[PDB]
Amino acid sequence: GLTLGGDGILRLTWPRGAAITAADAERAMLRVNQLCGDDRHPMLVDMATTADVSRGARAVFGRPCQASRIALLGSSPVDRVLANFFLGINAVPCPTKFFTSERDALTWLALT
């Protein structure tokens, strides 16, 4: 379910159904890159091709989180990718913020 249109837009059908894995999502981008080669294109990721997607979207959201808010502390801006990985894998529902100051982080966690 990957095409490059004559309009210049890549359309990726992801996920295919109610199964959602990290290896799948990474493989998808691999194929996008293989199809593009050296050129770059906007991309539509169509996650609405089947009602089974939203069955998976509800299950991914149903997974629990006992944190009331989450401060994520790194040592450089690149650690933002690690925060997003964590929040994305875990479908974190609560307030979240990125810091590079532990004192800023801890103070923000006290704002409850």
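Sequential numbering from 1, following the sequence displayed.
- In this entry, 13 to 21 has the higher mean Cα B-factor, the comparison being between 92 to 100 and 13 to 21.
- The stretch with the higher mean CA B factor, choosing between 47 to 55 and 70 to 78, is 47 to 55.
- Among all modelled residues in this chain, the alpha-carbon of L111 has a temperature factor (C-alpha) in the highest third.
- Among all modelled residues in its chain, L35 ranks in the middle third by Cα B-factor.
- For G1, the recorded CA temperature factor ranks within the highest third of the chain's modelled residues.
- Among all modelled residues in its chain, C65 ranks in the highest third by Cα B-factor.
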